[PDB]
Structure formats: C-alpha cells, structure tokens
Amino acid sequence: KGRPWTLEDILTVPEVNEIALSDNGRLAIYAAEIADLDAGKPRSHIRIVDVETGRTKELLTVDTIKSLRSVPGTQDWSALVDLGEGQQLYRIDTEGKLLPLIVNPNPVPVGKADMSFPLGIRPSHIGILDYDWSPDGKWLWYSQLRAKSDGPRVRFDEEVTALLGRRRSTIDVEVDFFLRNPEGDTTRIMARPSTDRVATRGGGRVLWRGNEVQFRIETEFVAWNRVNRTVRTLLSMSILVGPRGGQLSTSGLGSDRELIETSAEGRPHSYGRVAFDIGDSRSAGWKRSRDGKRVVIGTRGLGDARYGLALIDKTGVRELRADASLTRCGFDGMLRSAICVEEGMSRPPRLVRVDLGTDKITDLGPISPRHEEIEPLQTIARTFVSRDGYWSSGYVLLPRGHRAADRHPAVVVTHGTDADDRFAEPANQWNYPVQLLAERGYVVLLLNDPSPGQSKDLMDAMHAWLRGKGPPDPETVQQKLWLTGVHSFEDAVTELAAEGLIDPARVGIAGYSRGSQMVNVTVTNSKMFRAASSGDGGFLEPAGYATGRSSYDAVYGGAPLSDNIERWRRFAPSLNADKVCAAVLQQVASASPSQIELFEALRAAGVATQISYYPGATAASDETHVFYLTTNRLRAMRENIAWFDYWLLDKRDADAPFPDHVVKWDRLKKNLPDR
Amino acid sequence: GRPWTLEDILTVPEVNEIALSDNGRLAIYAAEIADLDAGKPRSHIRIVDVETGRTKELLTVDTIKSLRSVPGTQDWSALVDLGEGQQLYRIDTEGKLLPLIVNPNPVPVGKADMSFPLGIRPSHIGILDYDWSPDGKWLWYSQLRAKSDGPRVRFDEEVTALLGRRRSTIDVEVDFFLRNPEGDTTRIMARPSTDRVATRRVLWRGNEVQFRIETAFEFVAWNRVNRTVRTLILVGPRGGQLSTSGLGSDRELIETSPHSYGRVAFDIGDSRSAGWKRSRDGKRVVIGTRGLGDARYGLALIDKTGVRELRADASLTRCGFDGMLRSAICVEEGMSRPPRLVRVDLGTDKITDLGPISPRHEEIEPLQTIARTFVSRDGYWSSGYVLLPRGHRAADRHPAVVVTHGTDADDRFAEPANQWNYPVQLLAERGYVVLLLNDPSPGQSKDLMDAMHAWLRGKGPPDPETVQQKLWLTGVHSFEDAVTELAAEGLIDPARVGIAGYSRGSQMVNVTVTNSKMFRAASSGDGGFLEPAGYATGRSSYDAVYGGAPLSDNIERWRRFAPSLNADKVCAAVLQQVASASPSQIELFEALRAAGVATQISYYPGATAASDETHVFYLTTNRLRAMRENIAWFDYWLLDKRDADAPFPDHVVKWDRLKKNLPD
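Residues numbered from 1 in each chain as written, not as in the entry; some residues may be left out. Chains lettered and ligands numbered in written order. Heavy atoms only, no water.

- Deposited coordinates in this entry are attributed by the record to X-ray crystallography, at a stated resolution of 3.2000 Å.

- The PDB entry lists chain B under the name Dipeptidyl aminopeptidases/acylaminoacyl-peptidases-like protein, with Sphingopyxis alaskensis RB2256 given as the organism.
- The title assigned to this entry in its PDB record is "Crystal Structure of the Sphingopyxin I Lasso Peptide Isopeptidase SpI-IsoP (Native)".

- As recorded in the PDB entry, chain A goes by the name Dipeptidyl aminopeptidases/acylaminoacyl-peptidases-like protein, listed as coming from Sphingopyxis alaskensis RB2256.

See the structure below:
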C-alpha cells in the first residue's frame, strides 16, 4: 500500500536542474540534488543512463554542478562542477569519469559571506563563471572572475549610497573573457567591471558566426574576431526564435492565447489558438534544430497548470501530451528525440524517453526509489472564483485517511504562481511541511495569487509595479496586486467550508517572499485566519524604502515621510498592527530592518508573535533565501508544525524543535488584547 | 620659527599615560605620535629622571594603557601591545619590559570581521583590565575569552539587537582572575558580554576583593582565602564627596558626607583634567580643575585647613604623583605653546621645568591666539578661541571658518578632539581667520542643564520643542551673533565664512546650515544624529528631541527640525567626511542632492576591507587626505580658489557642475 510521509522525505526530495542527452541520443547524464545529512547541505549525485536499455549507473557525488552539456564533435560531456575546491570546468568522458579541463588557480569567494563578492547565492568559490563550446567543439569560450587587488580607497556620492544595506564586508572583482583556439592557446578577449550584470551573473547567450564570437554585455551586443583579434559592436541573440526566424510570443487574455511569430521586419504570423503560456522559467525552455525548420518550446497550460512540450514547424503548432508534467528535458542535435523528467503533484519524478516524431513516451526508471514507496496523498486540482470576479488556480490537498463527512482544520500555503503540477516543489512549499500536515490531519490548500493574465486590470496594475509609477492609481495598485488576493483566500475557505470540508474556526495561512507579502496583508485586512507564518519577508514595510524606492513608489506613491504618508498608514502592515488578531510567526534568514520593524510593531500592539532568525554555516556565512542547510530546514518545518498545532488545535507538541517555547507562547496568549 | 605644515598637525604627540615613582625620583610617560611608515599611531615609551631632567627613549610600541607604579617596589606595570595583542607587562626600574601575565589566545576586537565590539581601534586584547592590591602582593586582572559554539537560531529581542550590524561579530565572556603572592591563579567568576562594566571598580577590604558587575547593577565580593562570593571617585580628606554649587561666575567647593571650602574659580573632575588622587593617610587630596572663562586645566590641594589651588602659566593635563602626594610630574600644555614636561612641588607650589616633549613643534613660529567669549541674542555666553592668520595686521579683512566640537575649545595644544581633520593651523597660514567656538556652556544656566538632563534621560520635562532650542538652536544664534560681532570690528568678511565640526559639532553644522543663511560652506564629519533613519537604534536619545517616532503623531516635530527634511532651507555647500557610512548619513546626502544643494559625501575606509575606520581617524593616509579635502573644499566655495594640492582631482570639475545647477 505504501508508507506514510515523514519529515526527512520532504527534505530529501531530489531536484534535477541538469540533464543532457548525447548528440547520437544513445546516452544521457543527469544530476540529482539531494539534501545530505552528513554534509549538512545538498550534494549533487551525477548519474549516467543508457537511453536504449534504461540502465542507470551512479558515477560520482559532488557539491554543485551547473551548465551540463554534451561536447559537440565528441561523445563526452562538459559541466561546471565543484568538488569543494571551487567551481571549475570539467570534462566527463563517454564512460562517465570526470577529469579537469579548465581550472582557475585563484577562485574568488562568492555569495553572502565575509570578504566575498555579492554575485546574486550559496557561499562558495567560483573559478570558472561561464563557458560555451563552438558548434564544432574546436573552440572554447569561457569567463572567470578575477578578484581586483588594490588598497582600500575613498568612495564618494553614489558609491556610498550603494553601501546603505550592507550586512557584511565585500570585495571587488572583474570578469575576464577568454578564448582558446584548437591548438590549446588561450587569449583574453576583454575585461568587464562588476557593474555588468550580464557578465557577472553569467549563464548568458553567446553565438558563433563565422570568424566571430558574439555575446552580451552591459555598460550592448559585442563581437570578437577569432583571427583578427578585434572587437566591434540582433534578435538572433534572443530566446524563443521560431522556424521562420522571428520572435515567438503569445497574445490574448482569459482562457486561451494565440501563438504568433513576428519577423524582424515586423510581419506577424499566427499559428492559431493555444491553451497554454509560452517560455516559462520552470518549463523545458526552448531548442532549435540545426536546419532551423523545427523548434521545441517549453509550455505551461492555463487551468490544469501542467508543463509539457510543443513542436513548431512549417505546418503549424502541435503539442504532445503526457499524463504528467515534463519539467527538464534533454535533446539531440536533430531534435528527433528527448529524455525528460516526468513529474506530478502526488507522483514522484521519473525519467522518460520521448520520441518527438511519433509522440510516444517510453518510461524509464524512477529518479527517487525512496519516494516511490510512499503512499500518494489525495490531491484535487481546483480553481476558485472570488467576490471580485477573479479566478485563482491551486490544489486541494486532503489529509491521510480522509473519508466523506469529515471536518478538518486547514492551512493555506501560497507562493506566487508556483502551485502547479510538480512533486513537492520547494519554490512553493518552502519550509512549510505540506505533506506532513496532511498525515497529521490537516487539509492543506495550495492556492496561487489570482493569475494576472486573465484580466486587463491585473496586468495594468502589475505593469505599474515593475515600472515604478502609475497609471493606474497607487490606490488601485494595492487593491489589484494585494487586497483582491485576500478576498480570493477568504472566498476559497468559505466555499470549502460550505461543503463541510473545512472548519472555519481553525484555519492557518503561510507563505514566503511574495507569499510573505500576502500573509502580512491578509492578517491585517482579515479576521478569518487564526495563525500565520510569513517566511523571509519585509517588502511593503517603510524600513526598506530607501533601498526599494522604485518598487515602493508604485504602491504608496512616494516616500514614507512625504505627503503620501496617509497611504503608508492605511496599507503597510507594520503600521496596521492594531488590526491584527492572529498568531504571526516570522521565519527569517536575512534579518533585514524591514522584518524587525514588523516584529517590533506586532509586539508593541499586544499581538502574539515571534521572529525566528536562522544562521549560516558559521558566523562568517548567512542562509540563502531558500534554506540550503538541512539543520535549518528540519527545524523550520518542525517550528511550523508546532506553531500551527498550538494556535489552531491547542495542541502542545512533544516534538517541538525548540525548548521552553510553548511556555512563552502561553504568556503571549495571556497578554492578548481585548480586541 | 618655521611655519606650520600639514604633517605637523598629524605628528603632534598625545600623552595619555604618565606615572611617577613612589619615591619620586623617576617617572615614565608614553607619547603617541602618528608614524608614516606604520600608517597609524605608535606609542614611544620614555623614562625620565626628574632630578636631572634626562629623558631616555626606551622602546616604541603600538598601544599602551593603564600605566601605574607597582606598589611595594620601584618597578611599574602597564597594558602594552607589541603587535601580538595587548598583554600585561612589567617595567623594571632600569626601564626594560618583560612579560607579567600573557593570555596565549587573545580575542580580536574593534570594528572588524569576526571581532567583538567593546565600544575602538581593531586589535587583539589578551588582558582587558588589571589592578594591584594596596600592598602589591595580590593581583586582580580580567581577560576576554572567545565563546566557542556553533551558530544558533535567535528569537525576538535577540534579532532586534542585530538591526544595525555592518559586519560579522563573535561572542565573548569576561573571566576574572586573582593571583596570590605565591603565583597561583584562581578564576573568580565569568561574566557575559551583556555586562558593560566587565567589558569596558575594584576595592580591597580585609580578606575580600570587591568589584562591580551589571546584570541592573550589583556589588560582589570574592574572599581571597575562603574562595566564596556574595552580594553586599572624588573623595575628600574628611571622607565626604566633592561637588560644586555656586552657579554663574565663580563656584563654591563643598565636601558632603556638609563642609564648605569657599569660593573657587574652577569646575571639578573633568575627564580632560588630571583626575583625582588621595594620600595614604587620607589627610590630603589632589583634584584636576577646569576653570570657567580662560578654560585652563590645573590642580587643587585640599587639606584640613582649606582649599588651595596652584597656578602655572599654562594648563596641566596629565599628572603623576608619588605616594605621599608631596610632588608631581605633569604635562604643561597651551593653545599656541607645545607640550613640555614639568615637575611640581606641591608643598611650595613651585614648578621646575624639564625638556620639551616634541622638539619638532618647538621650532614652529607660534600663531596668534586670543581667548574670547561671546554673548548671544538669547543671553548665553560661549567660550572659545580666535586664531589670527600669519602676517595679520590691524584693520584687515579675512575669510572665516568656524570649527566647533562640544566644549573642547580650551587651552591645549592642537587637541585632536577639537580640530579633528579640520587643519585650523594650516588654514591660518594660508590667510584664513579661524574661529574656534564651543557650544553655550551648559553650566551657566538652569535652562541648559534641564534640557541636557531630558536628553540623557530620554524624555521630558522640559518640552521637546525647548530641547531643540536649548541644545541646538541657541548654538546656531551663538555662531551668528559672534560672526556679525567680528564683522563689525572689521576682522571678518561676512560674504565668505565657513563652518565645520564632527560628532556633536556635526549636529551643530547640520542645524545651522538648515536654520541660517549666514554660512557659505560647511563640512560635517561623521554625523548622522537627529536624522529619521537612525531612530530605531537610538530610540531613547531621539524621544527627548522629537517626542516620539518619525511615523507617529510627532511627525510634524520631525519636519520642522530634523535637517534631512529641511534640505530646502539649505543654501550652502555641505561636505560630509564619513567613517561609518551610516544610513542616517546617507539619508542626509540623498536629501540635499534631491533638493539641488551642492553636496558631497566622502567615505574613508579602514586598513583592509575587513576593517573600518574609527570615529577619530587613526590612519595617517586617511587623516592627511581628510585635511586636504577640507582645504580644497573651503578654498573652492569660499574663495573661488582652485587648488593644485587637491587630494582627488576628479572633484573640482564635478564641483563646477554642482555650482551651475544650484537653485535660487
């Protein structure tokens, strides 16, 4: 029948962000990131797979692996891996053993750490930042970070204002671009300052045309001649190009879109109506055939919110369908076959082979046999319409042993659009143990924000947020991007309560990042939620305005101390603490002044609240926005268990992750105000 | 005499440590002199024969503190740092150092990565504090012990205390040890870092050694034999304490256990004076004095007859004493007079002279300094000094620059607590007349003390609007009324006049430029108080001024006073020299620039990217460039004078773009 979920199961759910298929298509390699208890952090397990037979051989375990590709012209592979000495460029031979290729002897420190460069991640050293092969595999382009060595200098004006939010010492780096010829000689193309985000962040696009190699920089698209060794300064650099050579896009609103391709001269060509959205970062991405007559694009459908593939060619648009979602996919050179990761809400991930000609999906071995032995929970995909007329997709996750005529306490978990068809996606659940809540008898409602692509009202308000000013009115910006989401949660809880599924007396809500903002807005604007947990928040608070000016100016119209202050007092949650009757827990990695402002405001208002600040590996390190430390991930999941058990169920937990706490939570309940 | 240079203001020595032998025939003092090779100050230890006057140079070190004479012997003891961290050393009667107590693993401290923030220059401290027993047989000392444990999850007030962190910190505890005459050491107790008196008071009674700990305070006693624990300055001969009444001009000195010693011309027990010392028998004491008016430091002898103060022709800052309080060796200091060592006979009140401290500064032609006080429109007087330019004749107009830090304008030689990075000596040599002016003295009126009490207390009375007036706004008027008074005499050109200051003086510079049209240019060193960005950290000190939070119903008090919101009232050139890079300092810069005011903020770094610069600059490369930037700033804006000596050349072009974009 299968065993129930445990806490370590949610921790060890593997992530596959790297999969590569050989050019001939007979071999493939992929790496599964799995949380390691002995290491205290995740480690990537590299595995080779025979596409024909289905045999999977475990090769080697490393720290990190990125940019996994197949070397053109050979049967080998290349990747950026870290063995603990810093990220370098390695070659994996056709039999699956890795040996160094390019090694920076002086890798610079990166991430949130003392004396490190704030790239934009887990603390580590990066020897080789990015690389790409030429189409024939003869030439190798790569970039590496070089720590700028000079004495500390006086800084002036905007140099000083950029240091406002600094929590730690930092260093300064430059980005070197190198090119190696077929003879093994390397020459430096150019150097770029840290101010270039295209060069520092890496992972960018680079094209090979004739004698030139072209890539992107920020001070343009720059070109380097292989022989002349000269530098000079198009939509060919853009993702999502079609078989005709134009830009792919989807137009329309509401239920279905229309997939079109616009040529560089501006003449559009429509492939007809489509039920899906194009080019999501969580989908399979995009790939073009060598001849350019066939492309594949990753898709995310409206409604069911499933990921898949779509084939574009001269005749039109055709998408192959599967019984689950295809997230990450490899392809061969001819685009005639693919190896993908098949994923679903309650079904663990599996490797599958896809023949793009016949649309036949042949199944391969499962990725995590540990999670195949777990009895799948009951999940029902459902969309809810609110009082403002907006629909929000999501999932209703039932408790174990649920039978009809059962009332259960509920917990709402929301992050962005990330509630979809995928297996235990950490971008959604975060530290909230959605699986373990159901085993203990909770109904977990996974619900997104109202999808902005349904209505012109939500798109115009979202545009003003990214733009940094109106129109529309900042008063409506608060309504469309925040307040109407509170209504979508209240109307979804009462709708299930009218069906007898949920006890309205006991209902929780949780979220982080975008979901943290939703939690902080609902708790102020709604009495319907008894307990709440806001992961790593701080947006919308007045303490973070100076850093976030352009993002705040759309919501509040201006500074907190300007004439717009009355907008700050009506909306911002830290000023609204008097409207809050609920239990607000803050799980905080960053310890920003905006999160502390929300804590000191709720505590001064008599509201029962606690802020939990999880540290890094040492005193010189921090924790990433999503927790990469297992000891922090496990205790954060248990803290949410103990928090929602105490306030919703009046249940004291013997497994509580921190001692002498429930004692303190009693003193908070005794001090609650009359309101 | 040769004229002042920029390196002379840098190399002016500080002596914070002087000790006289028990018999009184030998003495030691340490002179802190900025070193160009080391790029920071280094202390030169020197031994002195008071009879002959010979001064022998023993050894140069990094830092030295707590220099005392070991009771019962002819040797001394001090906390010195040779580069391996601060430890406790012994100085034998011939003047050579050898270790006494050495902590093999000192903890890093200061503003630095992976360091503990006591509350200073980055370094390692092996031995924190020490004190001898009266007989010298017992030795009490404390040392910092780095707390070793993994990082943990913090909750509630643990998180809020980290709001203002710029760097990674470690945690320590303070161990207290006691060494018996046989040489065996026993640990008295351990205190957490939250104890301030332990990290930053010991008495000896019988078999007990008593000190003070904070938990909010307690007095505990350790038994030297039983080895058990339990809970239980400025003293006169009769045992009663010493306080001063008699406001206004003179003062009355009283000893209260209610004796009265009569009228006195000075105030009592300032940190800048010689301090306090009591005789063994207890019939004679000596106290450091600071006089009203002339603002000179000196000594006062109290006995079973009365109070008698000895007077010299200059100020005595640091003084050592012998066991019987019959003699003293002191540092004689003056405004235009370089420091010099002197011996004082306390019985006969005669001062015999010894060699100079800094022969480098004895060859400089003394500038003309005139002590002068000014009365403002509010009826308050502000002491200070006016310093004439070189080659000045009567009936000459000159451009002016006002430099203010606290009460620190007084009779002393180039005190860095006052001038800071503003080169008042080199400004006079270049044709500037510099007015060194203090705040209105708070001891002159009950209106100033009551407002000062509310600031320290963190709430009224008096009214917050009067706290802005008494501690700030009336100091603006003192500057304006003193400038127009000198302009009426023909000394000062009112069109071109500067103002500068740091810390307290930075706050005065920020309020004047907002509340006054009289000053053309301004330089505010390492400021940020009174700004709304620093409320969450400084709540108590801010609550007195503004009455509450910036977003509360007190906002209208913030909009009228706080300089960041008043930038529209600023027509001037405001420069910020900034070590800390606080969010309050950045808020002041972003506010002035957004209002069209010409302004610039200069952020000076530490030795490494892992270290910071202290409040007063200890890095010679940072001090020299900070002095040059002020000259180039005031020469450009006041005199329209472009400088070929400018420290950063890219600026004067940018300053032109600031001048062209000025509003009306």
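### Description of the environment of A:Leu7
Residue and element names in this part refer to chain A.
Thought 1: In this structure, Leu7 sits in helix α1 (residues 7-12).
Thought 2: As a C-alpha pair, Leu7 and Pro72 span 65 residues in sequence and 43 Å in three-dimensional space.
Thought 3: In this view, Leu7 contacts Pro433, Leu436, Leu634, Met637 and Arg638; residues no more than four positions away in its chain are not counted. (Helix = DSSP H or I, 4+ residues; strand = E, 2+ residues; numbered from the N terminus. Contact = heavy atoms within 4.5 Å.)

### Section: the packing of helix α7 (residues 446-457) of chain B against helix α8 (residues 464-488) of chain B
Residues and elements named next belong to chain B.
Thought 1: It is the contact of α7 with α8, at a shortest axis distance of 9 Å, that shows an interaxial angle of 110°. When the axes of α7 and α8 are compared, the pair comes out roughly perpendicular. Handedness of the crossing formed by α7 with α8: left-handed. On the side of α7, the interface is formed by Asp447, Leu448, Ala451, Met452, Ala454 and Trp455, while α8 contributes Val467, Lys470, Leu471 and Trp472.
Thought 2: Looking at the contact of α7 with α8 residue by residue, the class counts come to eight nonpolar, no polar and two charged. (Axes fitted to C-alpha atoms, helices over the stretch in contact; angles between N-to-C directions. Parallel < 35°, antiparallel > 145°, perpendicular 65-115°, else oblique. Left-handed = near helix turned anticlockwise from the far one by under 90°. Nonpolar A, V, L, I, M, F, W, Y, C, P; charged D, E, K, R; others polar.)

### A look at the environment of B:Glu14
All names here are of chain B.
Thought 1: Residue position: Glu14 is located in strand β1 (residues 14-20).
Thought 2: A relative accessible area of 30% means that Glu14 is categorised as partly exposed.
Thought 3: It is 9.5 Å that separates the C-alpha atoms of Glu14 and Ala34, two residues lying 20 residues apart in sequence.
Thought 4: Excluding residues within four positions of it along the chain, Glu14 makes contact with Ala30, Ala31, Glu32 and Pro416. (Buried < 20%, exposed > 50% of the residue type's maximum accessible area, 1.4 Å probe, protein only.)

### What about the interface of chain A and chain B?
Thought 1: The interface of chain A with chain B comprises 51 residues on the first partner and 51 residues on the second.
Thought 2: A buried area of about 4,200 Å², summed over both sides, lies between chain A and chain B, and 61% of it is on carbon and sulfur atoms.
Thought 3: At the junction of chain A and chain B, the tally comes to four salt bridges.
Thought 4: The partner of B:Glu590 in a salt bridge is A:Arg549, with the nearest N and O atoms 2.5 Å apart.
Thought 5: Taken together, the connections running from chain A to chain B amount to 24 residue pairs in polar contact.
Thought 6: If you list the elements that add at least two residues to the side of chain A that touches chain B, you get β13 (155-156), α2 (158-161), α11 (565-571), α12 (593-604), β39 (609-613) and α13 (630-649) of chain A.
Thought 7: Across the side of chain A that touches chain B, the residue classes break down as 24 nonpolar, twelve polar and 15 charged.
Thought 8: Two elements, β39(A) and strand β13 (residues 154-155) of chain B, share two bridges in a ladder whose sense is antiparallel. Of the residues in β13(B), the one forming a bridge with A:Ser612 is B:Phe155. (Buried area = accessible area lost by both parts, 1.4 Å probe. Salt bridge = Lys/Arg side-chain N within 4 Å of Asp/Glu carboxyl O. Polar contact = N/O pair within 3.5 Å; in protein donor to acceptor, adjacent residues only side chain to side chain. Pairing = 2+ DSSP bridges.)

### Remarks on the pattern of salt bridges
Thought 1: Tallying each qualifying case throughout the model produces 102 salt bridges over all chains.
Thought 2: Here B:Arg412 and B:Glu415 are joined by a salt bridge, their closest N and O atoms 3.5 Å apart. As far as the burial class goes, B:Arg412 and B:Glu415 line up, both buried.
Thought 3: In this structure, a network of salt bridges that share partners links the residues A:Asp280, A:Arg282, A:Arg300, A:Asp418, A:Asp420, A:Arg422 and A:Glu425.

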